[PDB]
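Here are two versions of the same chain, shown separately as C-alpha cells and labelled structure 1 and structure 2.
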Structure 1
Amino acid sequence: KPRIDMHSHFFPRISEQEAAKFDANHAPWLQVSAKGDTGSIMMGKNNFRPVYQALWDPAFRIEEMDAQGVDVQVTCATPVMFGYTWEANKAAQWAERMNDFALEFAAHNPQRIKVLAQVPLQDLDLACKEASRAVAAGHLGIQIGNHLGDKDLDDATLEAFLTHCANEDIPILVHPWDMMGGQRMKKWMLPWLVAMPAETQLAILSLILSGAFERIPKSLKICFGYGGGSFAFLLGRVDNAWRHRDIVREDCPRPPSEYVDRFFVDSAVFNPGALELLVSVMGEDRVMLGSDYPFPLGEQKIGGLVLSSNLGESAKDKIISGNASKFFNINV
C-alpha cells in the first residue's frame, strides 16, 4: 500500500529584489543562510517565518519522505504567496511564475512529488484561466485560501470559481489564511490555534447554509484543511440552529449534516478521539492523510496518528492511500 500525504507546502527560490518587482511590502521571498540548511520566508524587509531546506529543495525532501515512509506527496504554495489583495494583473503574473516553479520542483521526481496550483482569485476570469492552464501543465488541482477579505465561500465569485473547477473535473483543496481576529491573537500562535480552525469551519458553513451545494455540480472534488477545522465537532450546534431558526434555514433546504457527502477533509487533527469523531461524522471515504509538512506544527511523524488508531484495516488504507488516489487521480 502506497502512503499518500496530500497537505504539504513549498516555497521557491525568489530573490528579495524580485519580490519587490511585484510589491516591496507584501511580496514574499526566500532568504537562505549561506550554510544552505536553513533560511526564512521574508516580507518586504521583515522576517515572516523561519524555514528549512525541505521547503524549497526537492532533493532534500525525498530523504525526508524516505525517512517518513511517504511514497507520494502532493504539495502546494505556502498561503502567504497567494497575493489575493494585490492588483490583479500582477497577481495573475505572480501565480503563473509560482505554478511553473512548482512544476520544476516536482520534475525532480514527478512520480513522488505532485503539485497544486495557486490562482489570482480576486479576478474570476484570470483565475479560471490559470486553473485550467496549470492543470494542463501538470498540476493535479488548485489550492485556494478559504476567503477573499470579507467575501467568504458563499460569495458568487467564489462559487463561480468552484463551479468552473467542478465542470473541468479539477480538484480543490481549501486552506485557511488571512485569519480573522484583528488584534487579539498576537501571542502563542493563537491565529493557528483558534482563528485558523474557525476560518475553515466558516468556509464549510458558508457553502452549506448559503445553499451553494445545491448549485455546484455534485462532481466537484473539494477538500478542507486541518480536518475542516472544528466543523465536525460543532455540527450539532449547526443542525440545532437550522431546526429552530428560519434565518438559519432560509437558503439551506436539507439539514446541514446531510451535506457532509459533498466535500472531503484532511486527517491532521492531532488527537485519537478527534480523528475518530471526525471519521464518524465524515465517513472513512472522505478523509485523507495530510500532514502540513514541513512546518513546525505539522505532524512530525507523518501518518503516525492514523497508522496507530482504533480504526478499520480498509479505513486506514482509504485514509493513507485510497481516498487521495481517487480525489487527485494519482495512479496509485
Structure 2
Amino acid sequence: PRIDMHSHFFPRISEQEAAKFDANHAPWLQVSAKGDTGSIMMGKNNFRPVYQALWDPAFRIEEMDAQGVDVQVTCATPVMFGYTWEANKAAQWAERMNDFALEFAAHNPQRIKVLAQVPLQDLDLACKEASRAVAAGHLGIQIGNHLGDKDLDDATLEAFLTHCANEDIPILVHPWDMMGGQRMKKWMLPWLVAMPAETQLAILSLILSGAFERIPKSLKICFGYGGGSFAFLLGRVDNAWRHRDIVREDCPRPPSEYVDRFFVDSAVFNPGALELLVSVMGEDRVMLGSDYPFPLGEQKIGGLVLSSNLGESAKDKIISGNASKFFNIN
C-alpha cells in the first residue's frame, strides 16, 4: 500500500463567483476552451498557469494509478488561504473552499482524502471551521506557517493547536515565501531559501517557546518539505541551547528531544538529505509526500524513499504505515 500525504488541488470556480468575494484578490480557475490546460487568476492577470491534474479528480486517479499511489491526501493550494483578508470574509471563503474540496473528494472518497483550510487570523472562527470541516469528512487541516504578513508567536496559536489536539484533528503545516522581503527577487529564491527557513522557524518557535510543554501530547502535527532546513541545523540549535542562557529560558529540555512531538514529510529531493532526516526524526515520524502534481513535485512518487538504503521496515512506515496512523486511514 502507498499513501501520499502531500498534494494539492484547486477547485473549478469562476471569475464571477470569486468576484462576489473579491474581483481582484480572490483566485479563480480559468480553464480555456481547450480544457486540458488552464490557469489560476485573480482579476484580469494570471497568477499561475497549471496542469489539468490540479483539478479533475478522474484525471488524477489516472496518474495515481500509473504511480503506485493508492490513497492521496490533498489540500488547498496556498493561493487560496486568504489569511490577509477580513476575518468573516475569509471564514465564508474557507467554507466554500472546503466544500469544493469534499466535492473533489466525493469523486472517490476511499482513494482521495482532503484536509481543510481555516481562517487562521481569527481564533474562534478557525476552531469552528476546523471542527466543522472535519465533521463533514475532512481528515484534518492544512495551515500556513505565516498568517498574511505575520510574526508567528501568538498565544492564540497555542490555543488553536490545543483545540485541534483535543478534537483529534491532525494538522499539516505548509510554508510561505516571505522573509528577505526585497531580496530574493529572482530564480525562485523564495522557494529555495525563504520557505525552508520559514518552516525551520515555525518548528523552533514551538520548541524554544516551550509550547510543547503545554500542548497535549495527542497533538498530531506535520511540517511540509522535511521540515525545511530544521534537521540539518538541529546540531547548531542544540549547541546554542547547551551554551547560552537565553536559548534555555523557555525551553527546559534540549531542543532535539522534542522531535517526538511532530512529524515531517519526506520531500527533500536527495538521498543523503533523506537519510539525515530519518536519522533525526526516526522512521516513525516521517511520512511520504510528493507535492503532486506540481513541476517541482517528485516525478516518481516514492521513488526517493524506495531508492534509499533504509531498512525495509523503515520504508514501510514512511510510504504507508505512519500516514495511516496520523490521518486514521484505511
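In this text, the rigid core denotes the largest set of C-alpha atoms whose superposition between the two forms falls within 1.5 Å. All residue numbers here follow the sequence of structure 1, with the first residue given the number 1.
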property	result
Candidates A274, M43, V281, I62 - which moves between structure 1 and structure 2, C-alpha at least 2 Å, core fixed	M43
Rigid core fit then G149 CA moved by 2 Å or more between structure 1 and structure 2	yes
Backbone CA shift between structure 1 and structure 2, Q183, after core fitting (angstrom)	1.3
Between structure 1 and structure 2, how far the Cα of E87 shifts once the core is aligned, in Å	0.5
